[PDB]
Amino acid sequence: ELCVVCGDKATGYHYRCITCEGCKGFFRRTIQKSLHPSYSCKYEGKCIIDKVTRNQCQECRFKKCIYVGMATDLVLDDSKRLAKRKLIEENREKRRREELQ
Amino acid sequence: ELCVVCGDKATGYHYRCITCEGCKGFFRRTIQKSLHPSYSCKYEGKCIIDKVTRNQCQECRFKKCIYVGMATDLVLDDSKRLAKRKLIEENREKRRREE
DNA sequence: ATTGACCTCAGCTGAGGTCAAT
DNA sequence: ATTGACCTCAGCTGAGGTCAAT
Ligand SMILES: [Zn+2]
Ligand SMILES: [Zn+2]
Ligand SMILES: [Zn+2]
Ligand SMILES: [Zn+2]
């Protein structure tokens, strides 16, 4: 119903939590690109994260992500990521060429 | 873990309950073919239904199924059941040619 | 005819990607 | 660069079917 991180309309389970597309995208790219160590809260690390303020502070938005339990292990590392892309191309290959003899 | 109907190894959800393949299949065909009205307990409708005695009393087995919550509506009626059949046949011939 | 271990498969769920807007 | 609404698609789930055994 409602994103556990920011509280706007959730789109289902993402990395083991009910979240909006926004918080899902954010968390995914934070882990994919390894951005969190470089996040920094300009004030007390206790920023309110709701849907109006969720872009006001990356550090606090990510911390709230980790807190509600989003699973960093469910974001594929780059090798697995590339394999998936390859597999998707091998299957758009297997289907593409198996459809012709 | 364990079938809520008869108590042996469950294979996950079926018609909204944790059940074995046996109780799944039993409940499926009872509904598909509409058999339950014809099931009759030869003793008090209180037969123990566990994994050894489950084939001893169909009526008691089925009543258990309804009690634990198995969903009759999740069993396709002939209308949509042959509708699923037709859908699968088309796909098998399309994918069979190719190759 | 009935049982149930084992199978196929449609459609869902939840991954990663895209790209107009910022 | 970043965000997020919307996308494609592998693989899971849970229906129905099969068939050796009874
Ligand atoms: Zn959110
Ligand atoms: Zn902050
Ligand atoms: Zn059972
Ligand atoms: Zn009985």
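Below, chains carry the letters A, B, ... as their sequence lines are ordered, and counting in each starts from 1. No hydrogens, no waters, no symmetry mates; every other heavy atom, side chains included, goes into these values.
Between atom OH of residue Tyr15(B) and atom SG of residue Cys23(B) there is a gap of 12.0 Å, rounded to the nearest 0.5 Å. To the nearest 0.5 Å, the span separating CD1 on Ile66(A) from CZ on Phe27(A) amounts to 5.0 Å. Between the NZ atom in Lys9(B) and the SG atom in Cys20(B) there is a gap of 12.0 Å [rounded to 0.5 Å]. Here the straight-line distance linking atom CD of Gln56(B) with atom SG of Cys41(B) works out to 11.0 Å at 0.5 Å rounding. Note: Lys33(A) NZ to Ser38(A) OG = 10.0 Å, rounded to the nearest 0.5 Å. Expressed to the nearest 0.5 Å, how far NZ of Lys64(B) lies from SG of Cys57(B) amounts to 12.5 Å.
Surrounding OH of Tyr39(A) are more than 12 heavy atoms belonging to other residues, nucleotides or ligands, all under 6.0 Å away. In the displayed structure, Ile48(A) atom CD1 is contacted under 6.0 Å by at most 12 heavy atoms of other residues, nucleotides or ligands. Other residues, nucleotides and ligands contribute over 12 non-hydrogen atoms within 6.0 Å of the NZ atom of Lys80(B).
Of all heavy-atom pairs spanning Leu76(A) and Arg81(A), the tightest one is CB-N, 4.1 Å. Here the closest heavy-atom approach between residue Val75(A) and residue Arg28(A) is recorded as CG1-O, 4.2 Å. Scanning both residues, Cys6(A) and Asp8(A), for their nearest heavy atoms gives SG-OD1, 2.8 Å. When all heavy atoms of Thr19(A) and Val4(A) are compared, the closest pair comes out as CG2-CG2, 4.1 Å. Residues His36(A) and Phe62(A) come closest through the heavy atom pair CB-CE2, 3.4 Å. Closest heavy-atom contact between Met70(B) and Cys17(B): N-SG, 3.4 Å.
Side-chain atoms of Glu59(B) and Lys42(B), non-hydrogen and from C-beta on, never get closer than 4.5 Å to each other.
Within the 3.5 Å criterion, the main-chain N or O of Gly7(B) finds no donor-acceptor partner in the side chain of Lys51(B).
With sequence neighbours left out, the ring pair (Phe, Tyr, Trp, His ring centres under 6.0 Å) criterion links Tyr13(A) to no other residue.
There is no path of hydrophobic side-chain contacts, each under 4.5 Å, that joins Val52(A) to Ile49(A). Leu2(B) and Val68(B) fall into different hydrophobic clusters, where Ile, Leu, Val, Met, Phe, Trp and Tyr residues are linked whenever their side-chain heavy atoms come under 4.5 Å apart, directly or through other members.
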List, one per line, each side-chain donor-acceptor pair under 3.5 Å for residues 86-101 of chain A, sequence neighbours excluded.
from: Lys86(A); atom 1: NZ; to: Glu90(A); atom 2: OE2; distance (Å): 3.4
from: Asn91(A); atom 1: OD1; to: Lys94(A); atom 2: NZ; distance (Å): 3.3
from: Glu93(A); atom 1: OE2; to: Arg97(A); atom 2: NH1; distance (Å): 2.9
from: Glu93(A); atom 1: OE2; to: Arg97(A); atom 2: NH2; distance (Å): 3.0
from: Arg95(A); atom 1: NH1; to: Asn91(A); atom 2: O; distance (Å): 3.3
from: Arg96(A); atom 1: NH2; to: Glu99(A); atom 2: OE2; distance (Å): 3.4
from: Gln101(A); atom 1: NE2; to: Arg97(A); atom 2: O; distance (Å): 3.4

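Both tests hold for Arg61(B) against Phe26(B): distance to the six-membered ring centre under 6.0 Å, angle to the ring axis within 45°.
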